[PDB]
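J.: Got a structure here, written out as structure tokens. Questions coming.
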Amino acid sequence: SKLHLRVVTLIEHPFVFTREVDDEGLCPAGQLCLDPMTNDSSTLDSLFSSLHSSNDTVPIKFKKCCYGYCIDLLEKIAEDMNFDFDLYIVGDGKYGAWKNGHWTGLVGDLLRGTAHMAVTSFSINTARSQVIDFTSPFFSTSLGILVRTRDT
């Protein structure tokens, strides 16, 4: 029928924005996404099941529209490879780096097996490639520095 997936994204401008939902709830020019602020899979599964059901009891604070560059990429890929997606945001939202043996954040919710694809500004590098598999680059960047206001 259709491949159902759940994907995770972080709030970072300009690749992902945050637009407040309308009164009825449609997320025009975008898709609806949630943020239960939790790093355990069971609650995420339960909330997605309740939302995609005839009875959806979830706080409005957990609903908020999100759109932009990276979400546009996700939308194209979903159209082309005919899969439907649900969306959520990391509990802490800190990318991910090694801490207390295990990992944290994005790669720490990938290895822990909760969402099947992570799409956001995501600087792949050595220590991350050898644990989390990555695709080919779709953008280049650098490490620029910005001083305080002009001179004064």
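Here's how to read the names in the structure tokens: chain A, B, ... by the order shown, residue numbers from 1 in each chain, ligand numbers from 1 in the order shown.
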If you run DSSP on the backbone here, which positions in region 27-106 of chain A get strand (DSSP E or B)? Please write them as a ChimeraX atom specification.

T.: /A:31-34,63-66,83-89

J.: Please dump the current selection as a PDB file, in the first residue's frame; keep N, CA, C and O atoms.

T.:
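Dumped to part.pdb:
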```
ATOM      1  N   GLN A  31       3.613  20.975   6.530  1.00  0.00           N
ATOM      2  CA  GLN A  31       3.082  19.770   7.146  1.00  0.00           C
ATOM      3  C   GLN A  31       3.091  19.929   8.657  1.00  0.00           C
ATOM      4  O   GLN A  31       3.888  20.691   9.212  1.00  0.00           O
ATOM      5  N   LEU A  32       2.193  19.208   9.320  1.00  0.00           N
ATOM      6  CA  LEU A  32       2.112  19.259  10.770  1.00  0.00           C
ATOM      7  C   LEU A  32       3.175  18.366  11.395  1.00  0.00           C
ATOM      8  O   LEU A  32       3.441  17.261  10.915  1.00  0.00           O
ATOM      9  N   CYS A  33       3.786  18.858  12.468  1.00  0.00           N
ATOM     10  CA  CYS A  33       4.837  18.130  13.161  1.00  0.00           C
ATOM     11  C   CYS A  33       4.669  18.345  14.657  1.00  0.00           C
ATOM     12  O   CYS A  33       4.077  19.331  15.098  1.00  0.00           O
ATOM     13  N   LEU A  34       5.196  17.406  15.436  1.00  0.00           N
ATOM     14  CA  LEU A  34       4.987  17.385  16.876  1.00  0.00           C
ATOM     15  C   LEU A  34       6.311  17.544  17.612  1.00  0.00           C
ATOM     16  O   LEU A  34       7.390  17.532  17.013  1.00  0.00           O
ATOM     17  N   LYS A  63       1.436  20.437  18.982  1.00  0.00           N
ATOM     18  CA  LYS A  63       1.191  20.657  17.563  1.00  0.00           C
ATOM     19  C   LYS A  63       1.744  22.017  17.167  1.00  0.00           C
ATOM     20  O   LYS A  63       1.508  23.010  17.862  1.00  0.00           O
ATOM     21  N   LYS A  64       2.463  22.060  16.047  1.00  0.00           N
ATOM     22  CA  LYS A  64       3.045  23.301  15.559  1.00  0.00           C
ATOM     23  C   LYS A  64       3.559  23.091  14.139  1.00  0.00           C
ATOM     24  O   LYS A  64       4.239  22.103  13.860  1.00  0.00           O
ATOM     25  N   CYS A  65       3.217  24.024  13.252  1.00  0.00           N
ATOM     26  CA  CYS A  65       3.587  23.906  11.847  1.00  0.00           C
ATOM     27  C   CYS A  65       5.078  24.129  11.633  1.00  0.00           C
ATOM     28  O   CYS A  65       5.719  24.928  12.317  1.00  0.00           O
ATOM     29  N   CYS A  66       5.611  23.436  10.631  1.00  0.00           N
ATOM     30  CA  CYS A  66       7.022  23.517  10.287  1.00  0.00           C
ATOM     31  C   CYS A  66       7.199  23.302   8.792  1.00  0.00           C
ATOM     32  O   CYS A  66       6.576  22.413   8.206  1.00  0.00           O
ATOM     33  N   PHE A  83       6.170   7.293  -0.269  1.00  0.00           N
ATOM     34  CA  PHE A  83       6.025   6.937   1.134  1.00  0.00           C
ATOM     35  C   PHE A  83       5.414   8.111   1.880  1.00  0.00           C
ATOM     36  O   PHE A  83       5.685   9.269   1.553  1.00  0.00           O
ATOM     37  N   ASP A  84       4.591   7.809   2.879  1.00  0.00           N
ATOM     38  CA  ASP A  84       4.013   8.841   3.725  1.00  0.00           C
ATOM     39  C   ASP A  84       4.764   8.908   5.050  1.00  0.00           C
ATOM     40  O   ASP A  84       5.309   7.908   5.534  1.00  0.00           O
ATOM     41  N   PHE A  85       4.792  10.105   5.627  1.00  0.00           N
ATOM     42  CA  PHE A  85       5.681  10.414   6.733  1.00  0.00           C
ATOM     43  C   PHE A  85       4.933  11.128   7.848  1.00  0.00           C
ATOM     44  O   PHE A  85       3.986  11.881   7.608  1.00  0.00           O
ATOM     45  N   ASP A  86       5.381  10.875   9.069  1.00  0.00           N
ATOM     46  CA  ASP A  86       5.039  11.666  10.237  1.00  0.00           C
ATOM     47  C   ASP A  86       6.318  12.319  10.747  1.00  0.00           C
ATOM     48  O   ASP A  86       7.423  11.844  10.484  1.00  0.00           O
ATOM     49  N   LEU A  87       6.168  13.427  11.468  1.00  0.00           N
ATOM     50  CA  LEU A  87       7.299  14.282  11.799  1.00  0.00           C
ATOM     51  C   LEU A  87       7.329  14.602  13.285  1.00  0.00           C
ATOM     52  O   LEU A  87       6.287  14.764  13.924  1.00  0.00           O
ATOM     53  N   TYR A  88       8.541  14.697  13.829  1.00  0.00           N
ATOM     54  CA  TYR A  88       8.700  15.126  15.213  1.00  0.00           C
ATOM     55  C   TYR A  88      10.073  15.762  15.397  1.00  0.00           C
ATOM     56  O   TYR A  88      10.900  15.789  14.482  1.00  0.00           O
ATOM     57  N   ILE A  89      10.292  16.291  16.599  1.00  0.00           N
ATOM     58  CA  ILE A  89      11.456  17.109  16.915  1.00  0.00           C
ATOM     59  C   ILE A  89      12.152  16.524  18.136  1.00  0.00           C
ATOM     60  O   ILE A  89      11.497  15.978  19.030  1.00  0.00           O
TER      61      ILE A  89
END
```

J.: Report the residues of region 13-75 of chain A whose backbone DSSP state falls under helix (DSSP H, G or I), written as a list in words.

T.: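 The helix (DSSP H, G or I) subset of region 13-75 of chain A is residues 41, 42, 43, 44, 45, 46, 47, 48, 49, 50, 51, 60, 61, 62, 69, 70, 71, 72, 73, 74 and 75 of chain A.
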
J.: Write a file of the selected residues as a PDB file, in the first residue's frame, keeping C-alpha atoms.

T.:
```pdb
ATOM      1  CA  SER A  41      10.215   5.442  21.618  1.00  0.00           C
ATOM      2  CA  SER A  42       7.124   4.129  23.418  1.00  0.00           C
ATOM      3  CA  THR A  43       5.564   7.537  24.084  1.00  0.00           C
ATOM      4  CA  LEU A  44       6.271   8.674  20.523  1.00  0.00           C
ATOM      5  CA  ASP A  45       4.554   5.573  19.148  1.00  0.00           C
ATOM      6  CA  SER A  46       1.578   6.037  21.471  1.00  0.00           C
ATOM      7  CA  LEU A  47       1.113   9.703  20.547  1.00  0.00           C
ATOM      8  CA  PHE A  48       1.375   8.970  16.820  1.00  0.00           C
ATOM      9  CA  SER A  49      -1.158   6.147  17.181  1.00  0.00           C
ATOM     10  CA  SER A  50      -3.565   8.395  19.088  1.00  0.00           C
ATOM     11  CA  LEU A  51      -3.171  11.272  16.618  1.00  0.00           C
ATOM     12  CA  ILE A  60      -2.025  21.798  21.361  1.00  0.00           C
ATOM     13  CA  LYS A  61       1.452  22.638  22.660  1.00  0.00           C
ATOM     14  CA  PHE A  62       2.495  19.395  20.938  1.00  0.00           C
ATOM     15  CA  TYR A  69      14.128  24.120   2.539  1.00  0.00           C
ATOM     16  CA  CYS A  70      14.849  20.780   4.168  1.00  0.00           C
ATOM     17  CA  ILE A  71      11.157  19.961   4.612  1.00  0.00           C
ATOM     18  CA  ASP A  72      10.727  20.747   0.915  1.00  0.00           C
ATOM     19  CA  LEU A  73      13.422  18.166   0.157  1.00  0.00           C
ATOM     20  CA  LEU A  74      11.564  15.667   2.331  1.00  0.00           C
ATOM     21  CA  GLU A  75       8.310  16.420   0.502  1.00  0.00           C
TER      22      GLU A  75
END
```

J.: Just give me the gap between CA of residue 120 (chain A) and CA of residue 3 (chain A) in Å, one decimal is fine.

T.: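 For CA of residue 120 (chain A) relative to CA of residue 3 (chain A), the distance reads 20.9 Å.
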
J.: List as a VMD selection string the protein and nucleic acid residues near region 102-112 of chain A, meaning an atom at most 8 Å away when only C-alpha atoms are counted, but skip any in the same chain fewer than 2 places from it.

T.: chain A and resid 8 39 90 to 100 114 to 118 132

J.: Take the residues from that selection and write them out as a PDB file, in the first residue's frame, keeping N, CA, C and O atoms.

T.:
```
ATOM      1  N   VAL A   8      12.626  12.799  12.049  1.00  0.00           N
ATOM      2  CA  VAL A   8      12.991  13.702  13.129  1.00  0.00           C
ATOM      3  C   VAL A   8      13.721  14.898  12.540  1.00  0.00           C
ATOM      4  O   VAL A   8      14.509  14.754  11.599  1.00  0.00           O
ATOM      5  N   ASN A  39      12.795  11.313  24.800  1.00  0.00           N
ATOM      6  CA  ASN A  39      13.781  10.525  24.071  1.00  0.00           C
ATOM      7  C   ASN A  39      13.501   9.026  24.129  1.00  0.00           C
ATOM      8  O   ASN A  39      14.410   8.224  23.888  1.00  0.00           O
ATOM      9  N   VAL A  90      13.485  16.633  18.164  1.00  0.00           N
ATOM     10  CA  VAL A  90      14.279  16.000  19.210  1.00  0.00           C
ATOM     11  C   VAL A  90      13.862  16.523  20.580  1.00  0.00           C
ATOM     12  O   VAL A  90      13.467  17.686  20.736  1.00  0.00           O
ATOM     13  N   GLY A  91      13.946  15.651  21.586  1.00  0.00           N
ATOM     14  CA  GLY A  91      13.574  16.052  22.933  1.00  0.00           C
ATOM     15  C   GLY A  91      14.427  17.189  23.462  1.00  0.00           C
ATOM     16  O   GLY A  91      13.914  18.161  24.020  1.00  0.00           O
ATOM     17  N   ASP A  92      15.742  17.086  23.293  1.00  0.00           N
ATOM     18  CA  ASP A  92      16.653  18.143  23.710  1.00  0.00           C
ATOM     19  C   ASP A  92      17.085  19.038  22.557  1.00  0.00           C
ATOM     20  O   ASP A  92      17.229  20.249  22.739  1.00  0.00           O
ATOM     21  N   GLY A  93      17.285  18.468  21.373  1.00  0.00           N
ATOM     22  CA  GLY A  93      17.631  19.252  20.206  1.00  0.00           C
ATOM     23  C   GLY A  93      19.051  19.766  20.228  1.00  0.00           C
ATOM     24  O   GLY A  93      19.276  20.976  20.309  1.00  0.00           O
ATOM     25  N   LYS A  94      20.024  18.858  20.166  1.00  0.00           N
ATOM     26  CA  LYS A  94      21.421  19.252  20.284  1.00  0.00           C
ATOM     27  C   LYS A  94      22.313  18.495  19.305  1.00  0.00           C
ATOM     28  O   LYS A  94      23.470  18.208  19.624  1.00  0.00           O
ATOM     29  N   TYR A  95      21.812  18.177  18.112  1.00  0.00           N
ATOM     30  CA  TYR A  95      22.519  17.295  17.187  1.00  0.00           C
ATOM     31  C   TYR A  95      22.918  16.006  17.893  1.00  0.00           C
ATOM     32  O   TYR A  95      22.055  15.206  18.265  1.00  0.00           O
ATOM     33  N   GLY A  96      24.219  15.801  18.090  1.00  0.00           N
ATOM     34  CA  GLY A  96      24.685  14.648  18.841  1.00  0.00           C
ATOM     35  C   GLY A  96      26.188  14.475  18.918  1.00  0.00           C
ATOM     36  O   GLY A  96      26.891  14.631  17.918  1.00  0.00           O
ATOM     37  N   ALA A  97      26.695  14.140  20.101  1.00  0.00           N
ATOM     38  CA  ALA A  97      28.120  13.906  20.268  1.00  0.00           C
ATOM     39  C   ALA A  97      28.313  12.944  21.431  1.00  0.00           C
ATOM     40  O   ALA A  97      27.438  12.795  22.287  1.00  0.00           O
ATOM     41  N   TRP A  98      29.476  12.300  21.453  1.00  0.00           N
ATOM     42  CA  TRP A  98      29.718  11.226  22.407  1.00  0.00           C
ATOM     43  C   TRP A  98      29.691  11.763  23.834  1.00  0.00           C
ATOM     44  O   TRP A  98      30.278  12.805  24.146  1.00  0.00           O
ATOM     45  N   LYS A  99      29.002  11.040  24.709  1.00  0.00           N
ATOM     46  CA  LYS A  99      28.827  11.476  26.091  1.00  0.00           C
ATOM     47  C   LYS A  99      28.399  10.278  26.920  1.00  0.00           C
ATOM     48  O   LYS A  99      27.348   9.689  26.650  1.00  0.00           O
ATOM     49  N   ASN A 100      29.194   9.932  27.933  1.00  0.00           N
ATOM     50  CA  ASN A 100      28.901   8.798  28.810  1.00  0.00           C
ATOM     51  C   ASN A 100      28.773   7.510  27.995  1.00  0.00           C
ATOM     52  O   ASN A 100      27.754   6.818  28.032  1.00  0.00           O
ATOM     53  N   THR A 114      14.171   4.706  17.000  1.00  0.00           N
ATOM     54  CA  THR A 114      12.879   5.348  17.203  1.00  0.00           C
ATOM     55  C   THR A 114      12.334   5.990  15.938  1.00  0.00           C
ATOM     56  O   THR A 114      11.125   5.940  15.704  1.00  0.00           O
ATOM     57  N   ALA A 115      13.191   6.576  15.110  1.00  0.00           N
ATOM     58  CA  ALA A 115      12.791   7.142  13.831  1.00  0.00           C
ATOM     59  C   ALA A 115      13.743   6.663  12.744  1.00  0.00           C
ATOM     60  O   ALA A 115      14.938   6.466  12.972  1.00  0.00           O
ATOM     61  N   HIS A 116      13.200   6.484  11.543  1.00  0.00           N
ATOM     62  CA  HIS A 116      13.922   5.814  10.478  1.00  0.00           C
ATOM     63  C   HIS A 116      14.668   6.744   9.533  1.00  0.00           C
ATOM     64  O   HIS A 116      15.326   6.248   8.613  1.00  0.00           O
ATOM     65  N   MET A 117      14.596   8.059   9.722  1.00  0.00           N
ATOM     66  CA  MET A 117      15.362   8.960   8.871  1.00  0.00           C
ATOM     67  C   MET A 117      15.408  10.335   9.518  1.00  0.00           C
ATOM     68  O   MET A 117      14.374  10.859   9.937  1.00  0.00           O
ATOM     69  N   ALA A 118      16.603  10.920   9.579  1.00  0.00           N
ATOM     70  CA  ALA A 118      16.835  12.197  10.245  1.00  0.00           C
ATOM     71  C   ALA A 118      17.244  13.216   9.195  1.00  0.00           C
ATOM     72  O   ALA A 118      18.255  13.033   8.510  1.00  0.00           O
ATOM     73  N   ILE A 132      26.777   6.043  12.128  1.00  0.00           N
ATOM     74  CA  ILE A 132      25.522   6.352  11.451  1.00  0.00           C
ATOM     75  C   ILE A 132      25.798   6.475   9.961  1.00  0.00           C
ATOM     76  O   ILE A 132      26.636   7.284   9.544  1.00  0.00           O
TER      77      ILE A 132
END
```

J.: In Å to one decimal, how far is CA of residue 122 (chain A) from CA of residue 140 (chain A)?

T.: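 Computed distance, CA of residue 140 (chain A) to CA of residue 122 (chain A), equals 11.1 Å.
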